[PDB]
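Novice: Starting off with a structure, shown below.
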Amino acid sequence: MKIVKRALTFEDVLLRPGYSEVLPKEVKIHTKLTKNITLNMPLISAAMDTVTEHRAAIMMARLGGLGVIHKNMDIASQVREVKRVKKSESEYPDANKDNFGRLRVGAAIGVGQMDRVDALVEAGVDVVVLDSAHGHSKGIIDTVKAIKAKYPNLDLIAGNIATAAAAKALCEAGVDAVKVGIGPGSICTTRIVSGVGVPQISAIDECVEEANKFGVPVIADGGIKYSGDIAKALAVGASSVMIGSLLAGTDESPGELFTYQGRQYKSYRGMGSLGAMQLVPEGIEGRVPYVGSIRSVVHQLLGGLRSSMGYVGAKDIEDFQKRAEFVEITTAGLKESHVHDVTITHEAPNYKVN
Amino acid sequence: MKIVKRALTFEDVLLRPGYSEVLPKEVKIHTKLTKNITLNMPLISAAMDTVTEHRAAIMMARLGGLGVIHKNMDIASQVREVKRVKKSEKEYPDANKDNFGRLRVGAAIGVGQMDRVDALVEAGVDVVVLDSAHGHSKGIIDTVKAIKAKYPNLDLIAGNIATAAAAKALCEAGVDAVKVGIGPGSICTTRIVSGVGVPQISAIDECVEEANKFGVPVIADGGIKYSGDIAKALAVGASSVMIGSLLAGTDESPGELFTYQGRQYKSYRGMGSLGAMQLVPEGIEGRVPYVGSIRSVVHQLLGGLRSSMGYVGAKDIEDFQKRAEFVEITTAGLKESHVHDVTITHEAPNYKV
Amino acid sequence: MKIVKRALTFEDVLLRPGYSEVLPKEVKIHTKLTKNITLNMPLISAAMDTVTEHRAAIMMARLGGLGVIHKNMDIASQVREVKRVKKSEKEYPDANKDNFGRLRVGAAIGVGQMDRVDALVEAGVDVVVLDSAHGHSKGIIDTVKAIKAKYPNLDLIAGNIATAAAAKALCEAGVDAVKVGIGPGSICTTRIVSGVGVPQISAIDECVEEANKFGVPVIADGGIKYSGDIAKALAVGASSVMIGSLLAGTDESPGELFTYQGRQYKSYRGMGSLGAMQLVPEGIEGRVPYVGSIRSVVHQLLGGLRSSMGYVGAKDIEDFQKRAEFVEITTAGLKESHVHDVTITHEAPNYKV
Amino acid sequence: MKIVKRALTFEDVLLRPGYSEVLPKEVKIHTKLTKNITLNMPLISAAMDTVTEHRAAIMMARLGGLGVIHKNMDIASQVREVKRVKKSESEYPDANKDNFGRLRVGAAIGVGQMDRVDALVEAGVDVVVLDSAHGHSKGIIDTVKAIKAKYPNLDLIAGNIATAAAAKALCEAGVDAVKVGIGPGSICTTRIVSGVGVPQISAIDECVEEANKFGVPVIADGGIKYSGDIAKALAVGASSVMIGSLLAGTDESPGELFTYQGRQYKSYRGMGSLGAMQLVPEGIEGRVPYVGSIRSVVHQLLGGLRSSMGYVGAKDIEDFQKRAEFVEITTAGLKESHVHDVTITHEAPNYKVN
Ligand SMILES: O=C(Cn1c(-c2ccccn2)nc2ccccc21)Nc1ccc2ccccc2c1
Ligand SMILES: O=C(Cn1c(-c2ccccn2)nc2ccccc21)Nc1ccc2ccccc2c1
Ligand SMILES: O=C(Cn1c(-c2ccccn2)nc2ccccc21)Nc1ccc2ccccc2c1
Ligand SMILES: O=C(Cn1c(-c2ccccn2)nc2ccccc21)Nc1ccc2ccccc2c1
Ligand SMILES: O=c1[nH]cnc2c1ncn2[C@@H]1O[C@H](COP(=O)(O)O)[C@@H](O)[C@H]1O
Ligand SMILES: O=c1[nH]cnc2c1ncn2[C@@H]1O[C@H](COP(=O)(O)O)[C@@H](O)[C@H]1O
Ligand SMILES: O=c1[nH]cnc2c1ncn2[C@@H]1O[C@H](COP(=O)(O)O)[C@@H](O)[C@H]1O
Ligand SMILES: O=c1[nH]cnc2c1ncn2[C@@H]1O[C@H](COP(=O)(O)O)[C@@H](O)[C@H]1O
Ligand SMILES: [Cl-]
Ligand SMILES: [Cl-]
Ligand SMILES: [Cl-]
């Protein structure tokens with residue numbers, strides 16, 4: 001058998017602190033979404049039917065990031081969701097807006113869905129997210145070429161991928177960003193069901209190095225549990241991070257609150273779960289704790305990133321990537337990194353152990 | 001001390017995705033059981049008294065695979081089981097059949113059991129599976145030589161082994177397939193009791209490299225918990241996979257269904273457990289959740305396999321093995337690979353925790 | 001990406017035994033706090049509002065160590081705490097005292113707090129501990145320069161750091177000790193929240209190699225759970241150890257004792273927790289078991305240290321560091337090192353699970 | 001810091017099966033206890049007050065191994081325990097006997113206990129086990145030299161040690177066997193309390209290589225949980241294994257049976273536990289499950305060893321050591337080695353997971 005390497009993920013590594021003349025409050029967190037679109041902060045909500053519809057994409061863009069409307073609905077519904085975001089108005093000085101001063105929004109499509117693309121363009125979507133379980137596939141590559149041919153000024157994101165060869169193929173196909181992540185999603189069983197995938201830190205590292213040669217941003221999609229993971233993903237070279245599970249428990253995410261055994265929850269499920277698809281399932285249907293507003297979640301997450309960048313001595317994301325040095329740690333190191341030998345009595349807003 | 005390598009198993013590795021032009025529904029999954037016997041799908045039910053009798057064996061063959069009738073019964077009883085399969089009769093277009101249109105079946109034998117082989121050969125058995133806890137032994141090798149001498153056109157599988165040296169010995173003795181696995185079985189305590197074994201992925205890899213020289217296919221036997229493990233075993237170069245615990249919960253497996261504290265189960269035990277031997281055991285007696293029909297289980301398992309081959313861009317298994325690249329992962333990598341940070345509310349058909 | 005090393009912590013290593021001619025009762029455990037301040041035993045209580053006020057500080061000093069009064073209070077209050085220690089009065093023959101026979105005490109300060117330093121220096125403080133979550137910063141380094149300029153004979157400790165580069169910066173700025181530890185603290189979430197830190201053993205090792213060039217002692221701060229960790233920290237070359245969770249359960253720590261579900265506790269929280277800050281926290285609020293007096297805790301901890309030095313054959317700490325050889329262990333090695341395969345019925349004074 | 005090596009213990013390694021012309025029933029398991037004393041099988045019960053008094057040492061020797069009477073009693077009591085074993089009579093054809101046809105027995109002593117040694121010699125003890133928490137110490141080395149000087153034909157065992165230099169010092173001191181094990185005992189907190197110790201497989205490996213140059217057997221003392229560990233310890237080069245926890249729950253071991261929450265137990269405690277010593281404790285006081293007779297325990301343990309040797313192709317222990325090849329495994333390998341993905345319904349006599 002051919003073993004190419006030993007691959008690491010988030011928990012395997014930590015950033016080394018460096019000399020710093022910058023306070024966390026002073027750092028700038030703007031970043032590229034694609035080659036032609038800027039975010040005022042690096043978070044994107046996942047294209048999932050238990051995460052991102054209009055209320056969520058509105059908040060995400062008001063806070064300077066992006067929401068991506070899921071494709072588990074007919075064209076007319078998705079169009080209507082996009083218009084709701086575009087026509088939204090308010091306090092949000094970091095808002096992420098197009099040239100008309102309208103909140104930016106993204107919308108998911110799948111292979112061959114060219115009629116959906118047409119409608120979304122005419123609805124004034126800012127970015128189309130072309131998604132497959134296997135981005136490195138002929139269907140995806142062909143779809144990219146068709147979309148760039150018909151809409152040369154439409155910003156196009158394609159994924160998911162996990163290797164440098166995939167990033168090369170997509171970039172040469174004409175994408176404006178690649179999405180990295182095969183298997184690391186909280187609700188994902190892809191690696192278990194089919195044995196395929198690449199640990200997320202290594203996948204991002206590999207793809208970034210290739211995507212850089214084309215001036216193409218990488219989106220790190222899936223597997224983020226804590227703000228520290230966001231920092232690590234960015235430091236390794238990603239330009240933004242896509243998040244589902246950390247947002248699925250918010251007010252704005254689709255679905256109703258429910259209480260079960262004294263706790264509040266919302267539903268969260270893979271788009272490859274049996275429920276969502278109504279191919280063998282590559283995702284599960286579950287529940288996540290209720291966590292209040294998107295605003296409160298994003299605030300804790302960005303505060304973590306700001307801390308990290310303060311520790312590293314970085315003024316902006318690009319400086320963060322140039323300075324960042326990692327150390328690989330052991331299981332015992334991870335155990336020391338978490339809270340240990342104390343029982344938590346009041347839960348912190350940015351650290352929950354289940 | 002002499003340490004020859006760091007040895008890996010299923011949970012230590014993942015397959016890298018590759019450029020694909022094939023959809024999962026389009027890939028071909030036929031394979032080889034032995035030099036001369038073909039499978040339409042690569043699964044074999046284990047030769048265990050809680051897994052394979054005639055009902056399981058019939059379903060496995062109708063679906064394109066194979067069942068091996070266990071040997072924890074007298075010769076006559078086993079002859080009868082084999083006969084029920086061979087006499088069995090669009091609905092099963094992938095049925096694995098012999099030149100007469102009869103379902104194929106295998107039967108297990110032990111060292112020096114030529115009387116059992118005689119009666120099985122007479123009963124129309126398609127393949128004989130020579131089983132020992134230690135396939136790399138004088139007893140096993142002599143039995144091989146004697147069987148091939150007396151029945152030269154009888155397909156012979158022997159095991160279990162875990163080293164290239166063992167593979168070489170068996171191939172030179174004249175086997176038509178080798179079975180790999182010392183200690184990975186769900187119900188197995190061999191490694192703990194005797195301190196002996198080789199993590200299943202490295203074992204398959206080592207033995208495939210040796211047996212390939214002789215044109216001898218390798219059966220990966222034991223340690224499969226998920227469809228993804230089937231894919232890995234095949235990608236590393238196994239030609240087929242033998243499965244126990246995943247099928248012991250099925251309607252067709254021997255034994256009755258029972259309910260305990262709100263959950264349904266069937267029994268499952270090692271053939272070296274106390275119960276099965278009736279003494280220093282190398283297996284345990286336990287229970288597995290009821291999972292309904294073998295059909296539904298096989299469907300999900302082949303689903304994952306096809307999906308894997310789609311991800312690798314492999315049109316068939318030879319191509320899969322050719323293209324397959326692995327990456328070694330850490331404990332944190334395994335944790336990320338499983339479902340994490342979400343509570344499952346509706347369990348999936350092909351993923352249980 | 002740039003990975004500079006595989007970094008280890010306490011549970012990754014063990015000390016090898018060596019030829020010994022010393023019994024544990026015979027070894028000497030005096031050490032250095034700073035270039036100019038001496039300790040009779042090497043423990044310092046953490047500068048936390050659930051660990052060190054005047055009661056703890058007095059006990060730590062009477063036993064030959066030191067307490068650092070925390071800074072989560074106004075300047076006046078902290079001046080008063082420091083004053084209660086300095087005014088405090090065979091029973092304590094190892095008492096750590098200044099040239100006037102007064103117990104020694106330290107006090108914590110933050111970046112740009114020269115007013116606090118002024119009032120502490122006036123109150124007779126023996127050492128000032130300059131604390132920041134990130135000691136390798138322009139703020140900390142400028143504060144050092146300003147303090148040493150204004151009070152050149154005032155012993156100054158600064159931290160926290162975890163790299164040789166940080167150690168070098170601080171030593172050149174003029175500190176009398178560096179404090180090492182980014183993220184190992186029991187109540188600390190820094191590593192999870194910001195992704196930043198260095199496993200404590202490698203951190204100490206890196207910083208000791210740098211600071212030693214300047215004659216500057218290293219304080220290992222955070223992550224101690226057992227006496228054995230104290231030994232390792234010292235053997236790697238720390239001159240002293242700062243301890244939080246192990247002392248938060250004591251009579252003398254601030255806060256009241258309470259009972260919850262049959263067990264006794266006191267509160268313990270990070271100075272960067274929400275509660276202590278009153279916002280994006282880097283600590284948590286929790287509880288630790290009540291453990292009785294500081295004396296009894298320190299007794300057990302120094303017991304393990306002396307035992308360690310006996311095992312290594314070290315007559316004193318310099319000798320310990322000289323002789324110490326480590327071995328790196330695996331997860332299975334750690335499991336064997338703990339109590340295993342037996343249920344504890346009467347808990348030990350110095351081992352809790 | 002100086003890191004000499006990465007050290008492995010039992011769970012880190014497995015034996016490779018080899019070509020075999022031998023059945024488990026056919027293999028011979030006799031071994032050297034010391035340079036001048038043979039065991040018919042390689043097990044020794046631990047010198048502990050909750051393991052080995054006369055009833056236990058009698059059974060151990062009848063089965064061909066050895067019991068070592070603990071030293072937590074006055075001289076007269078220990079002498080009387082030794083005589084009880086020596087005067088025992090019975091069915092036990094593998095019995096381990098001196099030249100007078102009396103069951104062999106060993107007795108523990110500590111540094112300087114020369115009067116106890118005299119009494120034990122006069123009681124007809126076969127081997128004296130000189131024990132310290134730190135065998136590589138001047139007190140121990142001096143005691144060895146004094147005992148060999150006064151009783152040149154008395155077989156003398158000394159420990160505990162964990163390094164090649166220790167084995168060299170003891171061998172040159174004149175011992176007839178060295179005992180290896182600092183920290184691996186089930187009830188031991190030495191490694192936690194003082195940070196000192198060496199993972200047991202590495203310790204045995206290191207000491208055996210040194211002890212061999214003197215023709216001195218190594219005893220592997222502590223950390224055995226399963227029969228597989230016995231095989232591994234022997235394959236690495238040890239001549240016998242000392243066991244406490246696996247025997248503490250037997251009829252013959254000191255102490256009464258008790259029932260707590262529907263289970264039967266016996267007490268088991270470190271000799272460095274607070275209870276036993278009545279220095280900071282380096283052991284705990286606990287309980288272990290009741291397991292019936294020593295005969296039934298030893299039978300399962302020896303059957304495991306016989307299997308192992310059958311797998312390796314070994315006719316006797318020395319052949320076992322020459323043939324044995326190990327492979328290092330991962331955490332996932334260990335997980336696969338144990339029972340997994342099945343719930344046990346009838347507990348096996350040689351495999352219990354708690
Ligand atoms: O689409 C899924 C599973 N799946 C998912 C999903 C979503 C995110 C991550 C993983 N899987 N969503 C689905 C929706 C419908 C049907 C199948 C679905 N799996 C695969 C597997 C291999 C492929 C090879 C070439 C082309 C496409 C391939 C697709
Ligand atoms: O047969 C078993 C135990 N055992 C099993 C069994 C089945 C599958 C995997 C492991 N063990 N089934 C048994 C049925 C009856 C008696 C013993 C049995 N163990 C061994 C062990 C070493 C050997 C060395 C040379 C030749 C044969 C050897 C056999
Ligand atoms: O001070 C805290 C958090 N924090 C803490 C604390 C204490 C010990 C360990 C970690 N954090 N205590 C605080 C008290 C008030 C407000 C914030 C606090 N975090 C940071 C993070 C990055 C920095 C970079 C340059 C300079 C200062 C930086 C500070
Ligand atoms: O004797 C014990 C602890 N201890 C034990 C024990 C028994 C087995 C394993 C570990 N410790 N039994 C004891 C009985 C009484 C007092 C202390 C005891 N610990 C030490 C530690 C370092 C030493 C250095 C030189 C000489 C002797 C040393 C002893
Ligand atoms: O069902 C699925 N199977 C596998 N991955 C999925 C599925 N549905 C969504 N995803 C991915 O998982 C991500 C969410 O990851 P999370 O932030 O870790 O919960 C999404 O952005 C998708 O990339
Ligand atoms: O009692 C036993 N001890 C060791 N291996 C066994 C025993 N019984 C069956 N096996 C092996 O384990 C396999 C079943 O593995 P499973 O698929 O992991 O449950 C069988 O096909 C045999 O190779
Ligand atoms: O809230 C916090 N976040 C991170 N580190 C902290 C915090 N509060 C105290 N510390 C550090 O952690 C140490 C206590 O570590 P402990 O001995 O493991 O409990 C203190 O001495 C500080 O160095
Ligand atoms: O209290 C103690 N502390 C550390 N080791 C001990 C103590 N008492 C006995 N031992 C050792 O532990 C062994 C028992 O190991 P076990 O077979 O793993 O339970 C004994 O043979 C001694 O070598
Ligand atoms: Cl730096
Ligand atoms: Cl061989
Ligand atoms: Cl691990």
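Labels used: A, B, ... for chains in the order of the structure tokens, numbers from 1 for residues in each chain, and numbers from 1 for ligands as shown.
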Based on only C-alpha atoms, which of the residues in chain C come within 8 Å of chain A? I want them as a VMD selection string.
Specialist: chain C and resid 1 to 12 134 136 to 139 162 to 163 166 183 to 199 223 225 245 268 273 to 274 280 to 281 283 to 288 331
Novice: So which residues touch region 254-266 of chain D within 9 Å, counting only C-alpha atoms, skipping near sequence neighbours fewer than 4 positions away, as an MDAnalysis selection string?
Specialist: chainID D and resid 49:53 55:56 248:250 286:291
Novice: Identify, on the basis of only C-alpha atoms, every residue whose closest approach to region 26-43 of chain A does not exceed 6 Å; exclude the query and any residue fewer than 5 positions from it along the same chain; express the result as number ranges by chain.
Specialist: A: 64-65, 176-177, 217, 240-241, 315-316
Novice: In region 164-251 of chain C, what's strand (DSSP E or B) per DSSP? Answer as a list in words?
Specialist: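 After running DSSP on the backbone, region 164-251 of chain C has strand (DSSP E or B) at residues 177, 178, 179, 180, 188, 196, 218, 219, 220, 221, 240, 241, 242, 243 and 250 of chain C.
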Novice: Go ahead and write the selection's residues with N, CA and C atoms as a short mmCIF file (atom, residue, chain, number, x, y, z; two decimals), in the first residue's frame.
Specialist:
data_model
loop_
_atom_site.label_atom_id
_atom_site.label_comp_id
_atom_site.auth_asym_id
_atom_site.auth_seq_id
_atom_site.Cartn_x
_atom_site.Cartn_y
_atom_site.Cartn_z
N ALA C 177 13.63 36.94 37.21
CA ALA C 177 13.11 35.59 37.01
C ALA C 177 12.13 35.67 35.87
N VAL C 178 11.97 34.57 35.13
CA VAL C 178 10.90 34.50 34.13
C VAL C 178 9.87 33.46 34.54
N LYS C 179 8.60 33.71 34.24
CA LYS C 179 7.59 32.71 34.57
C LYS C 179 7.07 32.07 33.30
N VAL C 180 7.14 30.74 33.28
CA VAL C 180 6.79 29.99 32.09
C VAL C 180 5.44 29.29 32.20
N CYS C 188 -7.56 26.85 32.77
CA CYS C 188 -7.23 27.68 31.61
C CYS C 188 -7.83 27.17 30.29
N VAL C 196 -3.41 28.93 20.84
CA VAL C 196 -2.03 29.28 21.14
C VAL C 196 -1.49 28.64 22.42
N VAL C 218 14.00 30.17 36.30
CA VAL C 218 12.72 29.94 35.67
C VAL C 218 11.69 29.38 36.66
N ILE C 219 10.53 30.00 36.69
CA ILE C 219 9.40 29.49 37.45
C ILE C 219 8.43 28.75 36.51
N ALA C 220 8.21 27.48 36.80
CA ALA C 220 7.25 26.66 36.06
C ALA C 220 5.86 26.90 36.64
N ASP C 221 4.99 27.55 35.88
CA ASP C 221 3.69 27.98 36.40
C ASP C 221 2.53 27.35 35.63
N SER C 240 11.79 26.78 40.42
CA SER C 240 10.66 26.77 41.34
C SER C 240 9.36 26.49 40.59
N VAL C 241 8.30 26.25 41.33
CA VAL C 241 7.04 25.86 40.71
C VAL C 241 5.88 26.66 41.29
N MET C 242 4.99 27.15 40.42
CA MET C 242 3.83 27.91 40.89
C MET C 242 2.58 27.07 40.77
N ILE C 243 1.82 27.03 41.85
CA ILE C 243 0.76 26.06 42.02
C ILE C 243 -0.58 26.75 42.36
N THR C 250 -7.61 24.49 50.08
CA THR C 250 -7.10 24.56 51.44
C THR C 250 -7.86 25.53 52.33
#
Novice: Going by DSSP on the backbone, which bits of region 120-276 of chain B are alpha helix (DSSP H)? Write them as a PyMOL selection string, please.
Specialist: chain B and resi 120-122+138-150+164-173+190-194+200-211+227-235+274-276
Novice: Next, the residues of the selection above should be written as a PDB file, in the first residue's frame with C-alpha atoms.
Specialist:
ATOM      1  CA  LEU B 120     -18.232 -32.432   1.563  1.00  0.00           C
ATOM      2  CA  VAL B 121     -16.716 -33.088  -1.880  1.00  0.00           C
ATOM      3  CA  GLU B 122     -19.374 -35.752  -2.371  1.00  0.00           C
ATOM      4  CA  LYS B 138       2.991 -28.113  10.025  1.00  0.00           C
ATOM      5  CA  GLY B 139      -0.527 -29.524  10.461  1.00  0.00           C
ATOM      6  CA  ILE B 140      -2.223 -27.071   8.142  1.00  0.00           C
ATOM      7  CA  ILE B 141       0.491 -27.305   5.490  1.00  0.00           C
ATOM      8  CA  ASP B 142       0.379 -31.123   5.476  1.00  0.00           C
ATOM      9  CA  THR B 143      -3.412 -31.059   5.197  1.00  0.00           C
ATOM     10  CA  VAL B 144      -3.157 -28.745   2.176  1.00  0.00           C
ATOM     11  CA  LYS B 145      -0.716 -31.125   0.486  1.00  0.00           C
ATOM     12  CA  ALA B 146      -2.979 -34.101   1.183  1.00  0.00           C
ATOM     13  CA  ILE B 147      -6.168 -32.386  -0.010  1.00  0.00           C
ATOM     14  CA  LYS B 148      -4.609 -31.097  -3.265  1.00  0.00           C
ATOM     15  CA  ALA B 149      -3.148 -34.561  -3.869  1.00  0.00           C
ATOM     16  CA  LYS B 150      -6.500 -36.330  -3.410  1.00  0.00           C
ATOM     17  CA  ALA B 164       4.494 -12.860   4.327  1.00  0.00           C
ATOM     18  CA  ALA B 165       6.425 -15.961   5.364  1.00  0.00           C
ATOM     19  CA  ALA B 166       3.138 -17.712   6.194  1.00  0.00           C
ATOM     20  CA  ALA B 167       1.637 -16.568   2.904  1.00  0.00           C
ATOM     21  CA  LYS B 168       4.616 -18.024   1.026  1.00  0.00           C
ATOM     22  CA  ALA B 169       4.442 -21.389   2.809  1.00  0.00           C
ATOM     23  CA  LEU B 170       0.730 -21.758   2.014  1.00  0.00           C
ATOM     24  CA  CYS B 171       1.021 -20.697  -1.614  1.00  0.00           C
ATOM     25  CA  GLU B 172       3.850 -23.156  -2.156  1.00  0.00           C
ATOM     26  CA  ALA B 173       1.790 -25.906  -0.514  1.00  0.00           C
ATOM     27  CA  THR B 190      -6.250 -14.222  21.012  1.00  0.00           C
ATOM     28  CA  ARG B 191      -4.050 -11.107  21.154  1.00  0.00           C
ATOM     29  CA  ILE B 192      -4.760 -10.517  24.844  1.00  0.00           C
ATOM     30  CA  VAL B 193      -4.589 -14.143  25.887  1.00  0.00           C
ATOM     31  CA  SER B 194      -1.442 -15.135  23.970  1.00  0.00           C
ATOM     32  CA  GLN B 200      -5.159  -6.186  10.318  1.00  0.00           C
ATOM     33  CA  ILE B 201      -4.208  -3.519   7.735  1.00  0.00           C
ATOM     34  CA  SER B 202      -0.466  -4.266   7.942  1.00  0.00           C
ATOM     35  CA  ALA B 203      -1.244  -8.006   7.953  1.00  0.00           C
ATOM     36  CA  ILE B 204      -3.280  -7.777   4.736  1.00  0.00           C
ATOM     37  CA  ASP B 205      -0.631  -5.576   3.095  1.00  0.00           C
ATOM     38  CA  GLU B 206       2.244  -7.907   3.996  1.00  0.00           C
ATOM     39  CA  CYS B 207       0.377 -11.026   2.825  1.00  0.00           C
ATOM     40  CA  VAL B 208      -1.000  -9.453  -0.378  1.00  0.00           C
ATOM     41  CA  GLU B 209       2.533  -8.572  -1.485  1.00  0.00           C
ATOM     42  CA  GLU B 210       3.604 -12.200  -1.034  1.00  0.00           C
ATOM     43  CA  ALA B 211       0.524 -14.026  -2.396  1.00  0.00           C
ATOM     44  CA  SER B 227     -18.379  -0.314   5.219  1.00  0.00           C
ATOM     45  CA  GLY B 228     -15.369   2.010   5.059  1.00  0.00           C
ATOM     46  CA  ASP B 229     -13.208  -0.812   6.458  1.00  0.00           C
ATOM     47  CA  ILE B 230     -14.298  -3.071   3.582  1.00  0.00           C
ATOM     48  CA  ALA B 231     -13.092  -0.393   1.134  1.00  0.00           C
ATOM     49  CA  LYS B 232      -9.715  -0.093   2.896  1.00  0.00           C
ATOM     50  CA  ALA B 233      -9.173  -3.859   3.021  1.00  0.00           C
ATOM     51  CA  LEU B 234      -9.895  -4.099  -0.720  1.00  0.00           C
ATOM     52  CA  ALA B 235      -7.841  -0.989  -1.615  1.00  0.00           C
ATOM     53  CA  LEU B 274     -16.099 -21.748  26.096  1.00  0.00           C
ATOM     54  CA  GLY B 275     -19.676 -22.125  24.887  1.00  0.00           C
ATOM     55  CA  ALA B 276     -18.646 -22.995  21.302  1.00  0.00           C
TER      56      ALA B 276
END
Novice: CA of residue 55 (chain B) and CA of residue 90 (chain B), how far apart in Å?
Specialist: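 Pair CA of residue 90 (chain B) / CA of residue 55 (chain B) returns 19.8 Å.
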Novice: Can you work out the spacing between CA of residue 319 (chain D) and CA of residue 238 (chain D) in Å, to one decimal?
Specialist: 12.8 Å
Novice: Can you work out which residues are within 9 Å of ligand 1, considering only C-alpha atoms and all ligand atoms, and then hand them over as a PyMOL selection string?
Specialist: (chain A and resi 131-140+160+181-183+185+188-190+194+270-274+276-283) or (chain B and resi 19-24+304+306-313)
Novice: With a distance cut-off of 7 Å and only C-alpha atoms, select the neighbouring residues of residue 192 (chain D), excluding the residue or stretch itself and same-chain residues fewer than 4 positions from it, and output the selection as a list in words.
Specialist: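 Counting only C-alpha atoms, the residues come to residues 226, 228, 337 and 338 of chain C.
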Novice: So which one's closest to ligand 8, C:345, C:155, C:336, C:237? Using only C-alpha atoms and all ligand atoms, please.
Specialist: C:336
Novice: Rounded to one decimal place, report the CA of residue 124 (chain B)-CA of residue 49 (chain B) distance in Å.
Specialist: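 Interatomic distance, CA of residue 124 (chain B) to CA of residue 49 (chain B): 20.9 Å.
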